[PDB]
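Enquirer: Just so you know, PDB author numbering puts the end of the sequence shown at 294, numbered straight through with nothing missing.
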Amino acid sequence: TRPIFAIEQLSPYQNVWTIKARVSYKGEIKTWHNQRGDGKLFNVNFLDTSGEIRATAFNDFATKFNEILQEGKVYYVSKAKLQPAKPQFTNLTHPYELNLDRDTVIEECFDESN
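#1: Per the DSSP calculation, residue 277 is bridged to which residue(s)?
#2: Output yes or no for whether 8 angstroms exceeds the beta carbon distance between residue 288 and residue 249.
#3: Which word fits residue 269, buried or exposed, when buried means at least 16 other C-beta atoms lie within 10 angstroms of its C-beta?
#4: Kindly examine the ligand HEM and report whether one of its heavy atoms sits closer than 7 angstroms to the Cβ of residue 181.
#5: Which residues in the same chain have their Cβ closer than 8 angstroms to the Cβ of residue 192, if we skip the five residues on either side of it in sequence?
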């Protein structure tokens, strides 16, 4: 479990890092008819001072992931597939895409004691 890194430090090969940020805009949940599979999928956009990023998750994995994370607040996310997006492709600068499917860990800003 890598520690929290700036959005620019995200890596697709690492396939295991941590990033903290707040939510900016929520997309929705639509199905994805793959050539040999089908299910539900949803996409959400998270904003952070380090830069702008977007998180997306698959079927039930997103339902359990979006339910934990809230709206209008800050939180942390780790153990997820990192996919960098092209800048010109999206109006946003340094757009980042995230695919959730395997075992990922997310937690809204909660009070921790230790």
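Every residue gets a Cβ at the ideal spot worked out from N, C-alpha and C, and that includes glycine.
Expert: Let me spell this out:
#1: 234, 263
#2: yes
#3: exposed
#4: The model on display carries no ligand, and the ligand HEM is accordingly not part of it.
#5: If you ignore the 5 residues before and after residue 192, its C-beta comes within less than 8 angstroms of the C-beta of 261, 262, 263, 264, all in its own chain and listed in chain order.
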